[PDB]
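The structure appears right after this line, and notes come after that.
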2 protein chains.
Amino acid sequence: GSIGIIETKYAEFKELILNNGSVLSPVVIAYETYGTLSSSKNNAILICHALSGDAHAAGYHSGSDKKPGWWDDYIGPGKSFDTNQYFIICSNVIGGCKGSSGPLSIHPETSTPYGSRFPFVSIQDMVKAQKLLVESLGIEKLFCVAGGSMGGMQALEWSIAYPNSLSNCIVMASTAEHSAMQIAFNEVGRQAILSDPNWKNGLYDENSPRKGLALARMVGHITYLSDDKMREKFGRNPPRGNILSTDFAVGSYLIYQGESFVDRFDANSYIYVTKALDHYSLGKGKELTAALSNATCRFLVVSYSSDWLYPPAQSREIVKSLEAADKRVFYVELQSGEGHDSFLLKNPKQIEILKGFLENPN
Amino acid sequence: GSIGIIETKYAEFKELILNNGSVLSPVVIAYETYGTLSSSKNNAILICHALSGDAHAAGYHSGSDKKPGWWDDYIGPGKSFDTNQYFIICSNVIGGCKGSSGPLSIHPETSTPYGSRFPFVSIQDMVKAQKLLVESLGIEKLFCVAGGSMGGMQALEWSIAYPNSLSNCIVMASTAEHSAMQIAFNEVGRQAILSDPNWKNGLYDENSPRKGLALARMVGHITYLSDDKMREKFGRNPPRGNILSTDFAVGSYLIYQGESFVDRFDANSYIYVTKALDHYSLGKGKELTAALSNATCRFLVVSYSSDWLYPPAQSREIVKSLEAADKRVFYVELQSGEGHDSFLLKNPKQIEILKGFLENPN
């Protein structure tokens, strides 16, 4: 079942010209691979990560690791992304903070992290960079591109940016454009970092805006409860006593939400990645239909009943435009009990729809 | 059109026993009145405020005022809440920070603001306190209770807490219970205050958590844009350059969102009031039907097409349960271009539905 110990690898390329005119020189892409690439180069699947995720989508880095990769129940021998049949790839987005070109990259003049000097990146840029990686691994046409949430937005971009470079596209718990609500949560997170005393115009190094970023990320932990589970927590009555008595007053630490200072993220990177998500729009209705008419691949769109961050209605708009464009598309709404990240959890019915989609080309 | 210069008045009562067991002694209720109460005591309308609002719902405090009351386009001679016909009342919620019993109330021992020593209050408590005020003004049965958002939740509570003490109930852009999404925005705001260095377990006095509260309140400004107007702002591409170049780096001040330090709010009060909102639940479906079966008054429920904070679906659940309970209920979804506070803005079609509801008892 487990793919075992995996090394993070680093592909470096001379440059990447970004959509906003700026240039990454060089471009580094941290990635991991699972399984074995066929001599025909045609069994490869690209996994695109979500906001919290990275290149480490499966297995372990060392024996002492306490948790496997972020989609480990779905990637491995016998699992939904079967490393017995397929060559599975996952890479850290540029703008990210776990190995690819991003704000933590060392500046060629100051020998300090780029920080706020790093250029703004878009989802189209992130996908251009993934294309470079995939070509470098010897692949001209991927079998599949898959991802959920932020990862599904990259997967959608692939289907139209390089429409003939993939046969299949799996878009889980995702959207063609962020709602005002999604943008608002990210904007609050970004402002928390910006107003943190340690922010220093983004040129922090000794002392990062840990508090601001803790707040920015807590958003993802608070939003994890479904409507029902949040109401269960809150009930029909407020607490007894006062803010001091309930120890509600001593709640500063709850900003980290059980998570430690060692599982490390970066404030600049959060700003860079969420800005890419918020500024990406394929539109809706007629405009989305027109945008998606480039695609040639087969589509699997999966939404989750309790997901209110990327709700079934956002998936439905994609499926509606993919039918208006005369494209091969299947749509499954899975029953779920979580606020957004249900695509991550082992679920018999998810496993089944994935294995069957990849197994049956109709 | 304008009601003119208004004094804030203060009604004080010996005690109020709260639902959580704690006691307010004394209870102070800051209120304002507009128009003239009939000798029959039967033309009175209670206005319930929203999260940002207060008792000052109409007119001016002095000639030098730069803005009138928060619902001034709706309260006055000839306006929708006609002070030529009606006696209009609005009061600051207990737990609030603009005159009623709340965390800024001076403690009888320390002669400093209660702060975090103030007891948790509920919407049922807020309405109990309003009942006291209304009785004190000589009123046994109100003609109407009206409000939007948070104010509509108080108005709903009235219709079932004192079902025979009102003839009509206007519930605008509101809900019988907060969604996980609504609670999440408030929770982020509360955590911003809790993690602010000046929070001091809520016993701040010299130096308040201004930054934390700025963040908490910015949420209400960011969420103000509709899906379309937010997408218009964000477009299909991220900015040119980097965080430093776009002056995106110097964005600390944007936490106040144009608003000054003089228009003053309180961090404890924000915690108290949003906790009351988040912990209030009449439920949904059968449970909401059962809860609302106590009501005897006539209902007007108004939602707004672009409101995604308190979306039409929350209003529909109320109207559905009010029909399942065999109650007099009208439902209008008004077209709007804002993210939540459309009930505040002058709108010919809102004016018309309000004046006609109050004028025609059928």
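A note on names: the letters A, B, ... follow the listed sequences, proteins ahead of strands, and every chain is numbered from 1.
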Legend entry - Steps toward side-chain contact (heavy atoms from CB on, under 4.5 Å) verdict (B:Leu244, A:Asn201): CA-CA 7 Å; B:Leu244 275 179; A:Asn201 287 331; 3.9 Å; yes

Inset, instruction - Start with the C-alpha distance between A:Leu215 and B:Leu215, add both sets of side-chain angles, then the distance that settles side-chain contact (heavy atoms from CB on, under 4.5 Å), and finish with yes or no. - result: CA-CA 10 Å; A:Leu215 203 44; B:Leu215 203 44; 3.4 Å; yes

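When each of A:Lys211, A:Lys233, A:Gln191, A:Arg231 is scored by its heavy-atom pairs under 4.5 Å with chain B, the top score falls to A:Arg231. Interface summary for chain A: among B:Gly241, B:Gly251, B:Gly235, the most heavy-atom pairs under 4.5 angstrom belong to B:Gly241. Note on A:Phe118, A:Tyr253, A:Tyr114: by heavy-atom pairs under 4.5 Å with chain B, the leading option is A:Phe118. Between chain A and the residues B:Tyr280, B:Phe234, B:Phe248, the most heavy-atom pairs under 4.5 angstrom are made by B:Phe234. Your options are B:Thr223, B:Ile255, B:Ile183, and the one with the most heavy-atom pairs under 4.5 Å with chain A is B:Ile183. Between chain B and the options A:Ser195, A:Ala184, A:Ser226, A:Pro238, heavy-atom pairs under 4.5 Å are most frequent for A:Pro238. Per-residue counts of heavy-atom pairs under 4.5 Å with chain A were compared for B:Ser122, B:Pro239, B:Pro197; the largest is that of B:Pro239. Between chain A and the residues B:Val188, B:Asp125, B:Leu18, the most heavy-atom pairs under 4.5 angstrom are made by B:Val188.
Within the model, atoms CD1 of A:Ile243 and CG of B:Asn268 stand 4.5 Å from one another, a figure rounded to the nearest 0.5 Å. Rounding to the nearest 0.5 Å gives a distance of 8.0 Å between OG of B:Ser22 and CZ of A:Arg240. A:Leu194 contributes atom CG, which lies 7.5 Å from atom CG of B:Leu254 (distance to the nearest 0.5 angstrom). Put simply, CD on A:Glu187 and CE on B:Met218 are 7.0 Å apart, with the number rounded to the nearest 0.5 Å.
Against chain A, the residues from residues 269-279 of chain B that qualify, each with a non-hydrogen atom under 4.5 angstrom away, are B:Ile271, B:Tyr272, B:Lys275, B:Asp278, B:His279 in number order. Of residues 308-317 of chain A, those residues with a non-hydrogen atom less than 4.5 Å from any non-hydrogen atom of chain B are, in numerical order, A:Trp308.
Residue A:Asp228 touches chain B through its side chain alone, counting heavy-atom pairs closer than 4.5 Å. With a 4.5 Å cut-off on non-hydrogen atoms, A:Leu203 touches chain B through its side chain but not through its backbone. At a 4.5 Å heavy-atom cutoff, the contact between A:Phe185 and chain B is made by backbone and side-chain atoms alike. For A:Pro103, no part lies under 4.5 angstrom from a heavy atom of chain B. Residue A:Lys284 touches chain B through its side chain alone, counting heavy-atom pairs closer than 4.5 Å. The contact between A:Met181 and chain B is made by backbone and side chain atoms together, counting heavy-atom distances below 4.5 Å.
Remark: A:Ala176 pairs with A:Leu156, A:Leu282, A:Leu288, A:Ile318 by the side chain to side chain contact (heavy atoms under 4.5 Å, CB included) rule, at least two apart or across chains. Under the rule for a side chain to side chain donor-acceptor pair (under 3.5 Å), the partners of A:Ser179 that lie at least two apart in sequence or sit in another chain are A:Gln182.
Between B:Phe120 and A:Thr246, the closest heavy-atom pair is CE1-OG1, 3.6 Å. Among all heavy-atom pairs drawn from B:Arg236 and A:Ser281, the shortest one is CG-O, 3.6 Å.
Sparse packing is recorded around CD of A:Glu287, with 12 or fewer heavy atoms of other residues, nucleotides or ligands lying under 6.0 Å away.
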